[PDB]
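**Q** what shape does this take:
(one chain, ligands or ions: 1)
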Amino acid sequence: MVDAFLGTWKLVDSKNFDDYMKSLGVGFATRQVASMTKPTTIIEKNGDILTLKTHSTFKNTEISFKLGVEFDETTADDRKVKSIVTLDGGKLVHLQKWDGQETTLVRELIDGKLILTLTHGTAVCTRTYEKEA
Ligand SMILES: CCCCCCCC/C=C\CCCCCCCCCCCCCC(=O)O
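**A** Numbering: from 1, shown residues only. Sharing the structure here:
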């Protein structure tokens with residue numbers, strides 16, 4: 001069910017990421033650096049466990065989870081959140097909750113590209129990733 005998401009992916013387009021980061025309270029200097037960063041995202045499975053790595057010079061993250069089972073997460077911007085990742089409509093939907101707030105990270109495949117839609121508050125960011133061979 002998750003298999004077309006698996007592999008190594010490179011950021012090739014970003015829309016409204018500054019809006020999204022600002023909504024989360026990320027400071028201006030961090031937003032500068034992030035606006036010029038192109039992460040690599042690696043999604044792997046081993047049985048029922050998925051591991052999602054996000055790699056960049058000034059920040060790396062890694063999470064492991066089972067679909068549909070809540071996990072604790074500490075995000076790149078140091079929020080301590082309660083997370084769950086599920087498939088919905090063929091999309092990989094990651095929901096983070098903290099302090100009564102929520103954000104969603106939705107991944108879908110369109111024409112072989114991985115489209116990541118990030119929503120917090122009213123801010124909606126769309127990041128496009130291309131698969132590495
Ligand atoms: C690893 C996060 C994405 C790249 C960040 C580059 C800038 C690093 C500079 C300082 C460290 C703190 C950065 C925090 C940035 C905002 C994070 C917001 C939540 C995660 C967004 C993931 C986006 C993606 O998956 O494409």
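**Q** what sits closest to residue 130 if chain neighbours are left out?
**A** residue 12 (4.7 Å; C-beta to C-beta, 6 or more residues apart in numbering). The way it works is simple: take the backbone N, C-alpha and C, and place the C-beta from them, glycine included.
**Q** give me the contact list for the helix or strand where the one you found lies.
**A** Here residue 12, judged by DSSP states H and E, is contained in strand 7-15. Here strand 7-15 makes contact (C-beta atoms under 8 Å, 6 or more residues apart in numbering) with 35, 37-43, 113-114, 125-132.
**Q** any of those residues buried? List them.
**A** Listed as buried from the contacts of strand 7-15 are 39, 41-43, 114, 125-129; burial here means 16 or more other C-beta atoms under 10 Å.
**Q** would CSV of these with distance to residue 80 and secondary structure be doable?
**A** Shown next, in CSV, are the buried ones among the contacts of strand 7-15 (distance: C-beta to C-beta, whole Å; DSSP: H, G, I helix; E, B strand; the rest coil):
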residue, distance to residue 80, secondary structure
39, 21, coil
41, 22, strand
42, 23, strand
43, 23, strand
114, 26, strand
125, 22, strand
126, 26, strand
127, 23, strand
128, 29, strand
129, 26, strand
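**Q** which among those are in contact with the ligand?
**A** Subset of these in contact with the ligand: 39, 41, 127, counting by C-beta under 6 Å from any ligand atom.
**Q** residues contacting the residue most central in space within the chain?
**A** The residue lying closest to the centre of the chain (C-alpha atoms, centre = their mean) is residue 105, at 5.3 Å. By C-beta under 8 Å, 6+ apart, the residues touching residue 105 are 93-94, 96, 116-118.
**Q** ranking those by neighbours, who comes first?
**A** The member of the contacts of residue 105 that has the most neighbours, counting by other C-beta atoms under 10 Å, is residue 118 with 22 neighbours.
**Q** and that one, how far from residue 39?
**A** Using C-beta to C-beta, to the nearest Å, one gets 13 Å for the distance from residue 118 to residue 39.
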